[PDB]
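# An overview of the molecular structure
Residues per chain are reported as follows:
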Amino acid sequence: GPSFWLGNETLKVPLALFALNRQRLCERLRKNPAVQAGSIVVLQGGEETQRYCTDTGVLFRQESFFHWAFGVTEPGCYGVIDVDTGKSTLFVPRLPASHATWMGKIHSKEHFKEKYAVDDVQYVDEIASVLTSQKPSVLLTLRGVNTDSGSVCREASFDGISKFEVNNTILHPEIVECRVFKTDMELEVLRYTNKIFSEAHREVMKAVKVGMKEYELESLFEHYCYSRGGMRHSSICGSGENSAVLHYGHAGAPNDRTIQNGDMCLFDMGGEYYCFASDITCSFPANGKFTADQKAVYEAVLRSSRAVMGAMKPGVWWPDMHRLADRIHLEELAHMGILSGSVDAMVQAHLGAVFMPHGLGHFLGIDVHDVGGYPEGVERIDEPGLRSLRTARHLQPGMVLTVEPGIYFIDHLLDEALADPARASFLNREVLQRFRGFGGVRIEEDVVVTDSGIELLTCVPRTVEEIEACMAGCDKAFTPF
Amino acid sequence: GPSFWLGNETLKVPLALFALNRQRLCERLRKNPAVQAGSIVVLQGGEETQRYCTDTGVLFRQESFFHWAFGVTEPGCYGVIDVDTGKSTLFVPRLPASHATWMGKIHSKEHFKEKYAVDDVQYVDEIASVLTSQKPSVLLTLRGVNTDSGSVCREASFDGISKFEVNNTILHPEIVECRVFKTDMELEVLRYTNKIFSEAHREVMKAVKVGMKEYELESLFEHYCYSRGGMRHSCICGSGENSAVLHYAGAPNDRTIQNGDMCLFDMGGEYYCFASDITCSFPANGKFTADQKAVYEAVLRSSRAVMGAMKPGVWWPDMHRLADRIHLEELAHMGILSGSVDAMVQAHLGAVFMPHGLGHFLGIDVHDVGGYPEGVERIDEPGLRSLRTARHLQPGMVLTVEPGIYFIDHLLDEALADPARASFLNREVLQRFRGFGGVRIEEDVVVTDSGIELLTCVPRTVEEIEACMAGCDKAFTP
Ligand code: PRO
Ligand code: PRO
Ligand SMILES: [Cl-]
Ligand SMILES: [Mn+2]
Ligand SMILES: [Mn+2]
Ligand SMILES: [Mn+2]
Ligand SMILES: [Mn+2]
Ligand code: NA
Ligand code: NA
Ligand SMILES: [O-]
Ligand SMILES: [O-]
């Protein structure tokens, strides 16, 4: 069957991946007792956009649910699936003659049918007529709340849809649940995105020199992933104190610090291949040699990383892993002399959240922060740190998670803790003072839950010895200029 | 005063640039009979956006009119200018404490005042109260039609604005006209963007090898511009027949470059929201064939004829027609066409080979504002109707000059089926050029008192291009 491919050494992704997803969605819907026979799932693809009132185009990236179901890269499409038969129909725009001059060849419907391995292709302007001829009981459309953004999914609409019976409640939780569990075909893509990002991280570690701007390394990473991996979307490079800023690198903070001798670097890179994401973070000394303090903090996060990975298997409650990481960080910070006292009491006082204010990790898939973390019946825990978890679910096979503990020295959180007598007694101010401005360390792996444990997708140097050896290497193997 | 800078060898852009723009806008408004005392210009900045319903952020880029006036990179701002005094006030978001954890330091209002060299800074939620205290006669907001997209500019609005007198007709044509004429400070940025893009084009010409994918060169170009130029925002990379596809869209150009192909690399991007757009064409294998030399030198001739003719007072559509005539003459000189060139022009044959406009205003947007102000009409003829301006040239305008010749099957076939055009085409020679793709040579220029200032600096002659691709230093002169 056909595949998506960007040539060279990039991955061939079979269009069968999307056919399987369509089948899985139908199977799940057929089991839902509220679903009427003759129902048709209706999804609307993304459209091309421009910057404000200008004609400057914005890079088109397909909407994630639509991509999951169809793998279609073209703007302006819709896609429908007959629930009872699984039959798929793609609707493509009927394009003007002038498209041939400006945009490219005008493909036939048959070309798209072959390309996407769908059962039928029609033009978008005929969607009402085509759906009418099929005499559906109900159109199932997508509407629900994303629990990371709080946004409501945009429901499909077309001229004449008001003449149909439309349900916008059933679909969302079902398609979300399908997305939560990755098929073997999806896992092949995620292994590939991890391979490329892992190689690109190694290249950054080999290339970093004191005196460079953070964005110079961002640029190199993106160049590797695009030119060698076909990862066009490679869109957090934080040195020194910036490593404590959790989403550093936005327009408010555009990666323009000069990397200095003595800095810790935290390079968190997210990107995608054919709308399949990966998200990997490496931390390393800018000058290639960990100091004693850097080694201590780094190895504390290595410890929690590997303890969590070693504990993960089906039935494990993700908030328990978050609390495990907190406890280990507190133990290690006490060994370093930053903290003193009973670690049990530190945990009761939520001291771990002072050093790791974000969630331990999140579902990963078509979105970097993937859907389904908080389905109905799964509640967010209203405690420091835990409230930032992007899922409070128990692990099951096929889930793909980031595992991303970190320790940071964040002045406003440290200062709050020092003002609070329940927490201040644990903090040794004179030792802590030396770590003001340290920034932070985060170690982020992508893993898949298996029947008995996990499969680690990421492959980057991780021990102090491995990282120092990587950075000291002479073989960059790719020098642009 | 303060400047924007990305360190290393990147350009320091003084915030004084934006102060000058504010002053020029106020001076223009004061001469406008529709403008009364006590007026305040009110602009709303862009906000951060996300991908569909996800929390995936889209890289924030400031709205162009707001950038032109204020140079502000942060999302969520507003900006106002008292017309009578020129006094500027920037409104910035009042941030949540958690911003400090996730996004970075929460800067004081004083920090922003110093950073942007404005007269006052306030929080966005205080805008109604602050403007009420100034007792303005009228708020002048932005509303108008962009003549390239057809979109209507987004007018500022805030909670409480309905208690003010608002006019949304006066500002747009005036701020557009200010943008049309570049200041010396703006030209310094456009010289820089052209320098970086020109260097990146040279690197692509040096690196390109048969067998590469088009997107490998796109990637290399972007890497140069970002790592060496700080140009984070960068892109038609068309090999073989793809060079005839004018906007070949935002996805990887994934054709394998083949021996004998012509390449057309059209790159547009920006530094601190100031654009450049440069197109270079060259043979993939580094050696022009005779046919490739002929088509290429035809576009080189039109490029240079237009650049030599441009000066204040010239009507831009006349330059488009000059390019068409030169293309037709040269296509006849290579045997593709025969007959009278005067007759070919009368039949609009030039548009078969160049269906797009000769060139466009450039500035904060690649297709910059102000091409078709009130009274300036689009010419309803093939080719000319695609011009993005029909204005007369005046000093301070920045234009692209981008003639091209393409072999586009559906246009050639229309001409062959049209008795008014068919007899000019020699099928026996033309057949050799089917699938050739095309050549475009795009320079960025400033209109000056004496003619033009060429901003772009890339190899252009056949010999210069072959020398570049063979790895010669820039200083080498064939
Ligand atoms: O947003 C999140 O959940 C992770 C933790 C900080 C960086 N990315
Ligand atoms: O859009 C335009 O006006 C020019 C001509 C083709 C490429 N850019
Ligand atoms: Cl022919
Ligand atoms: Mn990350
Ligand atoms: Mn992550
Ligand atoms: Mn261009
Ligand atoms: Mn252009
Ligand atoms: Na190194
Ligand atoms: Na203490
Ligand atoms: O992350
Ligand atoms: O262009």
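What the deposited record gives as its method is X-ray crystallography, and the resolution it gives is 1.50 Å.

Identification of chain B as Xaa-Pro dipeptidase from Homo sapiens is taken from the PDB entry. The UniProt entry for chain B carries the following text under Catalytic activity: "Xaa-L-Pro dipeptide + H2O = an L-alpha-amino acid + L-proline".

Looking at the PDB entry, one finds chain A named Xaa-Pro dipeptidase and attributed to Homo sapiens. Its UniProt record gives chain A a comment under Catalytic activity, which states: "Xaa-L-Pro dipeptide + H2O = an L-alpha-amino acid + L-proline". Quoted verbatim from the Subunit heading of the UniProt record, the comment on chain A is "Homodimer."

### Focus: the sheet that holds strand β6 (residues 120-123) of chain A
All names here are of chain A. Taken in spatial order, the 6 strands line up as β6-β5-β4-β3-β7-β8 in an open sheet, and their pairing is mixed. At either end of the open sheet lies a strand with only one pairing partner, and these are β6 and β8 (166-167). With respect to the sheet, helix α1 (residues 16-31) is in contact with β3 (40-44), β4 (78-82), β5 (88-92) and β7 (139-140), its orientation differing from that of β4 by roughly 50 degrees. Each of β5 and β6 touches helix α4 (residues 109-116); the most contacted strand, β6, lies at about 140 degrees to it.

### Topic: the coordination of the sodium ion (ligand 9)
Listed as protein donors to the sodium ion (ligand 9) are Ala424(A) (O) and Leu427(A) (O); their distances from the metal cover 2.4 to 2.5 Å. Residue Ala424(A) is classed as buried on the basis of its relative accessible area of 18%.

### A few points about the coordination of the manganese ion (ligand 5)
Residues and elements named next belong to chain A. Donor atoms from the polypeptide that coordinate the manganese ion (ligand 5) comprise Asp-279 (OD), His-362 (NE2), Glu-404 (OE) and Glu-444 (OE), at 2.2 to 2.3 Å from the metal. One chain supplies every donor to the manganese ion (ligand 5), and in sequence these donors are spaced D-x82-H-x41-E-x39-E. Given the relative accessible area of 6%, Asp-279 is considered buried. The class of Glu-444 is buried, set by a relative accessible area of 0%.

### Remarks on unusual backbone geometry
Residue and element names in this part refer to chain A. The phi dihedral of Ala-117 is positive, around 55 degrees, even though this residue is not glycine. One can find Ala-117 in the loop between α4 and β6. With relative accessibility at 38%, the residue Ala-117 sits in the partly exposed group. Positive phi values are uncommon outside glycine, yet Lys-135 reaches one of about 45 degrees. Of note, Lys-135 is situated in the loop between α5 (127-134) and β7.

### With respect to the nonpolar core
Core analysis: the largest hydrophobic core is formed by 143 residues, its most contacted members being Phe284(A), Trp318(A), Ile338(A), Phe355(A) and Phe409(A). Ranked by residues supplied to this core, first place goes to helix α7 (residues 184-207) of chain A with 10 residues. Both domains that meet at this core, namely domain 1 (1-180) and domain 2 (181-481) of chain A, each give it at least three residues. Ignoring anything within four residues of it in the chain, the contact list for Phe355(A) reads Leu333(A), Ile338(A), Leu339(A), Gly406(A), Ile407(A), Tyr408(A), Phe409(A), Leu414(A) and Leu427(A). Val83(B), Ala200(B), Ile364(B) and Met397(B) belong to the second largest nonpolar core, which has 141 residues in total.

Definitions and cut-offs
Residues numbered from 1 in each chain as written, not as in the entry; some residues may be left out. Chains lettered and ligands numbered in written order. Heavy atoms only, no water. UniProt positions renumbered as here; feature names shortened; annotations may be inferred. Pairing = 2+ DSSP bridges. Helix = DSSP H or I, 4+ residues; strand = E, 2+ residues; numbered from the N terminus. Contact = heavy atoms within 4.5 Å. Axes fitted to C-alpha atoms, helices over the stretch in contact; angles between N-to-C directions. Donors = N, O, S within 2.8 Å, 3.2 Å for Na, K, Ca; no water. Buried < 20%, exposed > 50% of the residue type's maximum accessible area, 1.4 Å probe, protein only. Core = buried A, V, L, I, M, F, W, Y, C linked by side-chain atoms within 4.5 Å. Domains from an automatic or database assignment.

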